[PDB]
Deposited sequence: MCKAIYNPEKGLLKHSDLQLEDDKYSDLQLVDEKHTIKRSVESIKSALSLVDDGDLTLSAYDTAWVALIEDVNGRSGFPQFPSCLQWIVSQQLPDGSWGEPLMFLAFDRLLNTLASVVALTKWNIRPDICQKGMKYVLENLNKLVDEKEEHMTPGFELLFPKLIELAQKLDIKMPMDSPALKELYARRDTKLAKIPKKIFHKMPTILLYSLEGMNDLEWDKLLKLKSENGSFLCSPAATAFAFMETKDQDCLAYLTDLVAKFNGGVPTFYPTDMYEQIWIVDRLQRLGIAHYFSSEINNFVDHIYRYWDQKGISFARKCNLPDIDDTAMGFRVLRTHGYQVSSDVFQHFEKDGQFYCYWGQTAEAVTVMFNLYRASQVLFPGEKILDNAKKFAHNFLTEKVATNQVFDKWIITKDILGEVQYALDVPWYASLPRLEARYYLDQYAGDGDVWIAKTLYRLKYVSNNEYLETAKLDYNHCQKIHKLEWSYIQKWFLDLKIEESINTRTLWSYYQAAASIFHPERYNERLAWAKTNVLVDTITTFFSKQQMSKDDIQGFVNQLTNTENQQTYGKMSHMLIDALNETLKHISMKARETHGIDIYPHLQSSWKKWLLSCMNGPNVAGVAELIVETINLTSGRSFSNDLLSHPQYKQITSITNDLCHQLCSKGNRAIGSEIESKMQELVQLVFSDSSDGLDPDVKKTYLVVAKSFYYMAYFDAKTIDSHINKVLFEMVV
């Protein structure tokens, strides 16, 4: 029912301006991205506030602004912590630390007492909390706070069942510490250094990160300074205390983690094309500080992790930067993958992100093939066992995200399909991550991305629905013998779900009509039992014998379509493409003489897209050696796919797609233009998609992508 007021042109115009305004808003907010924008932590701020004046000014703290920040942040119930997501351990850590800091420096006894009232009242309720919910290191960090409080004469209930139980778990964890390794190399243990004893600072001080911190943790670095007076540790804290007006987060910097996840989310939400300038800058930064040993959450932290590594790897490769899969060997041992030494990569989202990285593999990258099998099995079982949850991330629909990954390989993840599902899963402001304490990444998880992405999608969807009506009319006006069948909608959807942008209507519509006519021509060849000689005559009429009234009507219908396509393409660029389209169809039609009729369809579609877009003339494809190469791989690939039948997609097809991926994303300065290259992958995926899913699933995809507005 496109007679409504919402499909009117004036309404569509206002939506575009509204979308453009939101895009400019995001763009200005993204211009402020620097070293990381994280939740500030009262726990870490309190630890920094404990530092005594370094020039001997007895009775005064070194960082008074930290104490003032703490004062300003107390919640109405007397606690400190994440205001909107309540977590008992988060509140207890942030609150007792704040009380201890303020007590040490004799500040606001009224605030201290409200704070202690909350701690003492919620201490006993730790009994009612199971083991798997206690935040990382709590059994080490909270007892340490109790120790500091007792020495300030804050009396605690040490006979409480809750604390007797807590201190028991502290004792076992401390007994499990591998002291030698912990003192020999950077480990995740340094991030919780303040909760440990049995320290040989002679060796630990060799493990400082490049910015002078211990694992980029202000609390651990403040603890280290008070134990050792290390001047590098003090410099890290001084710079940090000046950047956020006293309040500090639970780790800093976080530039790699933040900028990588920005690119990922914008890409998955389907609006990354609006931020190519900003995304190119982010990816540039990621590549500049890429390391063959892996990357951390900060370029200046000395502990790489598999999650940052797997996400930066995938983002860098799909952006065209050369990166070796050998990096993952630093996170693999005896057939198992690890976040870092001592911590298996047992988290769902980490395995989710690893599975995603493994699928961009090139031929011969066995470690990525091992990772794919490993992660796919891990995730499939957590889905079957009804366990798709991460104890250390509060998100909206982690199950849906994992389900989509297992149901839709990357080779079959059409752009609009990926976005359509993620738009219902992305949490916006609601994503709360769990480290020592709860924190939020505003540049990664916010409601403005989601709202803008939903508006853009439903807007493109309105354009698609209008184009679909136009395609139905164009086909019927070519009254030859056929009707609007299911295959006609598939032919448009295949184009619209990949090249979806409203401004790219010429490419999308030309591809859609080409699918339709390829379907019609090949069906005609079959029904009429046309020989090679018959097809030969069919070609001569197209360009300049030929018999059969229906033959002449198909040739004219083809030529009229090509004339119309090139007509509309004049608005994009000025070069007349009709001769080149005729040549491309001549080449395909002649290929139907010598072999299967799907042998060169992919080349025909790709050339049509490159011509209507104008990329065939922006770059001299001509005899660039990669042109013949990518054309042959793609034709062979889509030959294997469309003519696989009822076989399953086997190893040979997977390997050929890997060949294409390697060519497409191995950008060189003198290589074929990347945008031209990526078109071949776009079409190949659309062939893979059609061979991977059954009819009923395709239909369900079509309804959701094209006809279900995003709520």
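Residues of the deposited sequence with no modelled C-alpha atom fall in the ranges 1 to 18, 563 to 566.
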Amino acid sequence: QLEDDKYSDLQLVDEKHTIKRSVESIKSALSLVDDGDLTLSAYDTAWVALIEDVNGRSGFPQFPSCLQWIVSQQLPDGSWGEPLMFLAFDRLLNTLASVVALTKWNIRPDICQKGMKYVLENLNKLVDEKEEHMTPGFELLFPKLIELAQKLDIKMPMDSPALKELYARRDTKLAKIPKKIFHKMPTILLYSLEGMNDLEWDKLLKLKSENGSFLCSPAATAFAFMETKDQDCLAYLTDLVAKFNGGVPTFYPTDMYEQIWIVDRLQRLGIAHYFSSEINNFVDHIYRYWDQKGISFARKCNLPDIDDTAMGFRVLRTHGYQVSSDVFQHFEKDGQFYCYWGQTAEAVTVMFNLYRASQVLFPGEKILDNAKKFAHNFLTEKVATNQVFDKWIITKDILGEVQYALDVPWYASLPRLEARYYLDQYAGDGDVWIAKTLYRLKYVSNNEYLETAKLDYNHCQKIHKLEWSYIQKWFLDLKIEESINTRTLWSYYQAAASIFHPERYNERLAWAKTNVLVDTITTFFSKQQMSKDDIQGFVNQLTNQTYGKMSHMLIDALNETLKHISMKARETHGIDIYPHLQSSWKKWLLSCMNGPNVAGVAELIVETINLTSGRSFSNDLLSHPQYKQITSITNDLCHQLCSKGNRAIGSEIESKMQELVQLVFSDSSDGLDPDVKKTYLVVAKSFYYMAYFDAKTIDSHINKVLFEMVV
From here on, numbers count along this sequence of modelled residues.
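Looking at mean Cα B-factors across 580 to 588 and 352 to 360, the upper value is held by 580 to 588. Averaged over Cα atoms, the B-factor as recorded in the entry is higher for 529 to 537 than for the other of 529 to 537 and 182 to 190. Looking only at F138, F475, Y287, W433, the residue with the top Cα B factor in the deposited structure is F475.
Across the residues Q626, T250, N94, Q494, the deposited record lists the maximum Cα B factor for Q626. Split the chain's modelled residues into thirds by C-alpha temperature factor. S668 is in the highest one.
The deposited CA B-factor of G574 belongs to the highest third of values across its chain. Annotation for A557: CA B-factor lies in the middle third of the chain's modelled residues.
For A375, the recorded CA B-factor ranks within the middle third of the chain. Only modelled residues enter the ranking. The PDB entry assigns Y118 a C-alpha temperature factor belonging to the middle third of its chain's modelled residues.
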